[PDB]
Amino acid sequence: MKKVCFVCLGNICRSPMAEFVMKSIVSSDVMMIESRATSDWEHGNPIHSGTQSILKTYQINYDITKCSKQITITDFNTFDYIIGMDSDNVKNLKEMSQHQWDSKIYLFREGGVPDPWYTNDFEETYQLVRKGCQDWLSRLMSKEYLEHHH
């Protein structure tokens, strides 16, 4: 079971969106998927309204109990892939872990995902997260898995 963690600054906008979009395209039995924040700055707060609204609009199930959670030393050891939503998340992930795990740290998509904390365009965010989740699936799953879904 591959263990994937999407990461952004506050874990209320982009990275939770990736968690639940990814969870909608691959089974809990073959991939374990969570999300985290690099910072403290939103800890305990629920998914941002813009991500919640997007997920409801596209009928993507999510855990209403989900709250912003900062990534921990345990997480860096446990997760196989720690995927930052933009290059700032990637850099901060590497420094806060003193570069001990750089080979598990990835950028979600080349060029990045625009930050809807600034653009407020959660539709653009959804479309890019949805496509990037598809790419991660083709990257992380075996060819045999790909050929039988769907």
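The first residue of the sequence shown is number 1, and the count goes up from there.
Note on 8-16 vs 137-145: mean CA B-factor is higher in 137-145. Per the PDB record, of the two stretches 57-65 and 108-116, 57-65 carries the greater mean B-factor over its C-alpha atoms. Ranking 26, 47, 37, 33 by Cα temperature factor from the entry places 26 first. In the PDB entry, a CA B factor belonging to the highest third of its chain's modelled residues is recorded for residue 96. The entry lists a Cα temperature factor for residue 121 that places it in the lowest third of the chain's modelled residues.
Sort the modelled residues of the chain by CA B factor and residue 86 lands in the lowest third.
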